[PDB]
Amino acid sequence: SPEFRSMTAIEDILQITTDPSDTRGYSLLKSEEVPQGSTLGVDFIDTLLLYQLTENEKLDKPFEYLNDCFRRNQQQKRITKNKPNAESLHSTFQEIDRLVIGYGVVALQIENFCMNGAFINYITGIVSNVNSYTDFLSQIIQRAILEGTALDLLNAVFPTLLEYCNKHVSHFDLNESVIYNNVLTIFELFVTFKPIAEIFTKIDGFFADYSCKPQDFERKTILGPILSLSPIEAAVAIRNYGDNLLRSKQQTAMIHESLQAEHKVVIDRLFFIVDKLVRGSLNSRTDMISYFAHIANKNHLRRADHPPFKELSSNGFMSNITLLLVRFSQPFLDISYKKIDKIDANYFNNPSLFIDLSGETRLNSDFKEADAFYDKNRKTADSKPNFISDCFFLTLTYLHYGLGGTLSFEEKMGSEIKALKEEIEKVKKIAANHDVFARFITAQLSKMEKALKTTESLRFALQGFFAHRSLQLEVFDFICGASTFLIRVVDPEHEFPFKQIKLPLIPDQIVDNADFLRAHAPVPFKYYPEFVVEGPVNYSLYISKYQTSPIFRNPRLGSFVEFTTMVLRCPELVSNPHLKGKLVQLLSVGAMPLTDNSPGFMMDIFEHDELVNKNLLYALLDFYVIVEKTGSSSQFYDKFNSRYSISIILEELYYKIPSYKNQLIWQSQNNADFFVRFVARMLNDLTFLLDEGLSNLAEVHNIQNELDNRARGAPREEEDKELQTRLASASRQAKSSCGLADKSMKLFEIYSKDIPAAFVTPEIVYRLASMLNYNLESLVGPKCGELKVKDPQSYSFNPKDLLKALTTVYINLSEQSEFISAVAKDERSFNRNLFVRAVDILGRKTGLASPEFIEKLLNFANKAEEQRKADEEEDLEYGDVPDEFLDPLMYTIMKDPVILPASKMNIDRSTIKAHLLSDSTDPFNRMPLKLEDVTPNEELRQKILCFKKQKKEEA
Amino acid sequence: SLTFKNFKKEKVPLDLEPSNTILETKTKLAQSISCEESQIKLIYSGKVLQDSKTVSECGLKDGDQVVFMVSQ
Ligand SMILES: [K+]
């Protein structure tokens, strides 16, 4: 019959029979009389499937059975199509499709329906072979959507997938290749259904409970485990690198490459998934901001000096989220900037909705003013926020706490490894005679060895990730976009980059400015959190150390340098001087000539970017001075480190870019007061920097010799570790002082070459002679001569180059008679022989000094010695009144000497009286002065009298 | 009208108008035992039934068998 075929197609597809006790797997139908009737066909199908699923047996994998029934159904349709009477069996296949799907929904909607297994086992089977369940699942999803029960489906599937990831796999991470891939495939399959995407954030445990600890966000939250998939997970790093830590560079490189290829696919897939959520609905996209904001808010200690790692989210999780946020931000920050105005500059004019800003230092404002600003500024009920603006500032938040916590973790590892190697080495020396102690020592070695392996492996994995240019480019491009945005916030016109921004914002200030500057800081910029600037700069400095750095040759680099120069040009913008210290350090890395002698990678921008070339020179010379007032402060980003960094840029600008050379000469001729202020500072540091360098170098030797002792004093050995601290500390300070001294002296050389007259005005020329002669005395005498360290280059200590530069300065000023005279009159250091000794020392490094150079230095010294000889002849023959008895302006013997209160100069009462008659000032320093205020110098008056009496007795 | 079977067999005939909701059915089934309507699930012909739906909208006629489940 044809009533057969249907009956038997049903038998083969559900694998079931009734009388029937022969031939294939099929379960004999137990046991109800209502299904004992030996026909079968279309309307017995519900009954049959209800038997299978509720009545039991060991149908132990009910959901796996459904899928196979569904596969078998698809199979038979295809086979039936090409045979005589496909039509007649159509009603049969439909009913099977209908009900297998239907009950499939039911099985994945309520827990106790079948009496074998539960959600967890059905999901486990699905994860194991997702590609086999995919067509069926897709029908299941569609059926639940059509019957208006999609969320019931999701609340069985997704929380169950949470548990499967935490409890049924030992570690859900990149090592579990099949499993993590199949888990991603499940998310993608569901979330590609639009009606699913719109309610997904309403799944149970999509958000973190109130009591959920930060490390648990990635474990106890629907999206956590997949978001945590990353090569910078310890277990992944150990598997791929800790593997063979002694691998060649070539061999490590292939491992970086597989892990980068894989990590790229993961970010693509995480982004596809989250982008569906974000597009699903306003609810879904708002819930995502909310979800990422909560994670950021509870992870601020990720940037502490010693983070409590075990109480915080992981690097892998936080970096992945940072990259997704970067990726959501890209569109409104592409190079045309046409969407830039979508980001609200007044984002922080209202109290913050998602990001917790409590305790966040602002750019140039305190808690006080900012909270006041909220009050005045407000923004009404509901009113907020705008996804784009939420996303942009969340991205900055993660760059600092997410990525930023990841790079500092990696940065410290070199030192962690070295200390660890040393402790292991010490514990290896212990001779442990007692069995218990011997077990103890080996447990301690083995625990340190494990920590070492973990750290070395992670350093590799983190390096793999930061060398991943394709990923890091996205981060740096975000930074460049963010930079433009921030220049647009500062612009009074809010028009940049469509119109140039005019600097400075406030006229340049000709003793305690902080308050004034804060008061004229721009609004709303001064209230932005410091992290908006700290994030980019920590990232940029750090990522500079990588060959594959996203900064090198990036056409958007300009935007960041622009922002940097703005910030250095306008002290008002960012009050924190360690921040500016980092910024100038970044510019200096850009200025450093490359290994082949070509210009540094920022030189091109410094040259051609109008906003930069108009502002950088002034900015650098101004910052060089301002860092003095660094009240509380400490290295690195010290005033001396900053001056060193500035010197690198100054020197390269002057060598390679004529326009900056001209602006420098211009400042010296047409803005002398600003320029002399820079020079005086440079000059003043150069009075002590070599001393400070030598002194630190001798403290290194004191320390090193205290270590060597072995018979022991202790003459005090405080703590051995405090010595290593004190030894590293003296090494830093030695390098930093000698390094700067070298640079400053070189700046004196190259400038004095072109503008000798800037260096010979009254306020500089005597101080300069005094400083050059003193530094000359160290270099040619025992101060430098008795210094013997190993590798003095370790400490930027090149007494030969410094001597070379110093002597060139003498030469360069050798035709300025004020200088020849200042040098000849400096009784403290000047001595012709210093120049002879210099000539002899310079000739010890062949080629250091030309014969031409040597003759020039000697012509100079000769002129000086001859000026000194003439002076001493003039004084012996015509200097018959001691100098301190002579009026400073009239050159005659004083009758009634008085002291000026501002200058402290002695002057005759009649002279100052004749001065103040027409000009109400101290004639030496221009300070206001009234005649009443001069003070009688009786002691001096008595010397002059005694003196006039001594001479009276001959005449 | 309809018949409601347990897991372990056990039948409970309810007389329903093709108009009352499945919440009204449950409240009737719950009444017919010693439980709350909240503990009752209903499953008919390849789907879980819904509190809002009328017995009519479900495609239930008289003679029909629907699974019920009681809960915690
Ligand atoms: K432009």
Side-chain angles (χ1 to χ4, degrees), chain A residues 326-347 363 386 388-389 391-393 395-396 399 472-506 522-525 528 532-533 535-537 539-540 549-570 572-574 583-584 586-587 590-591 599-620 649 653 657-660 662-663:
Chain A
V326 164
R327 225 169 255 198
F328 286 111
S329 290
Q330 274 161 17
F332 43 83
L333 259 22
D334 61 289
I335 58 163
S336 82
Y337 292 113
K338 292 199 205 70
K339 302 176 203 194
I340 201 172
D341 43 74
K342 299 268 202 75
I343 305 161
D344 180 4
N346 294 322
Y347 185 71
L363 284 169
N386 177 55
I388 290 145
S389 292
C391 185
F392 175 79
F393 290 102
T395 310
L396 285 154
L399 172 60
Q472 304 304 326
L473 258 197
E474 306 185 51
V475 169
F476 194 66
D477 285 2
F478 174 80
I479 289 169
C480 295
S483 293
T484 305
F485 173 74
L486 291 175
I487 290 154
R488 200 184 176 81
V489 174
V490 170
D491 191 350
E493 306 299 328
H494 303 296
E495 198 79 78
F496 187 92
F498 296 94
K499 295 200 208 211
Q500 191 48 103
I501 181 183
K502 299 310 152 193
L503 310 172
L505 303 163
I506 57 184
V523 165
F525 189 82
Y528 279 32
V532 317
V533 173
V537 76
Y539 176 87
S540 297
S549 175
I551 303 196
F552 178 67
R553 75 203 187 266
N554 176 324
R556 308 184 62 160
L557 206 202
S559 304
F560 190 57
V561 180
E562 263 157 27
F563 173 82
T564 301
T565 309
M566 177 182 72
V567 161
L568 297 172
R569 178 65 179 87
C570 302
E572 11 152 343
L573 301 179
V574 171
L583 286 161
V584 96
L586 191 59
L587 294 194
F601 63 91
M602 290 176 182
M603 297 296 279
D604 211 72
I605 291 168
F606 295 160
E607 178 157 13
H608 291 111
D609 180 302
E610 284 169 278
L611 179 62
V612 179
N613 60 36
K614 276 184 169 87
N615 287 296
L616 176 72
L617 190 66
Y618 193 99
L620 294 166
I649 307 156
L653 295 175
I657 311 176
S659 65
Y660 285 94
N662 302 332
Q663 288 175 329

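Sequence lines set the chain letters: A, B, ... in the order given, protein chains first and strands last, and positions in each chain run from 1. Counting starts at 1 for both ligands and their atoms, following the listed order. Below, all heavy atoms of this structure are taken into account, side chains as well, without hydrogens, waters or symmetry copies.
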> Which residue, A/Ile343, A/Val326, A/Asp477, A/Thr484, forms the side chain to side chain contact (heavy atoms under 4.5 Å, CB included) with A/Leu333?
Replying inline: A/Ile343
Tell me if a side-chain donor or acceptor on [X] pairs with a main-chain N or O of [Y] at a distance below 3.5 Å.
{"X": "A/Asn386", "Y": "A/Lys342", "result": "yes"}
{"X": "A/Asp609", "Y": "A/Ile605", "result": "no"}
{"X": "A/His494", "Y": "A/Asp491", "result": "yes"}

>> Ring centroids only, cut at 6.0 angstrom: are A/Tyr528 and A/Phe393 within range, meaning strictly under it?
In response: yes
> Between A/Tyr347 and A/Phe392, does the ring centroid distance fall short of 6.0 Å?
Replying inline: no
>> I'd like to verify the contacts: list protein N, O or S atoms under a distance of 3.4 Å from the K ion (ligand 1).
In response: A/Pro497 O
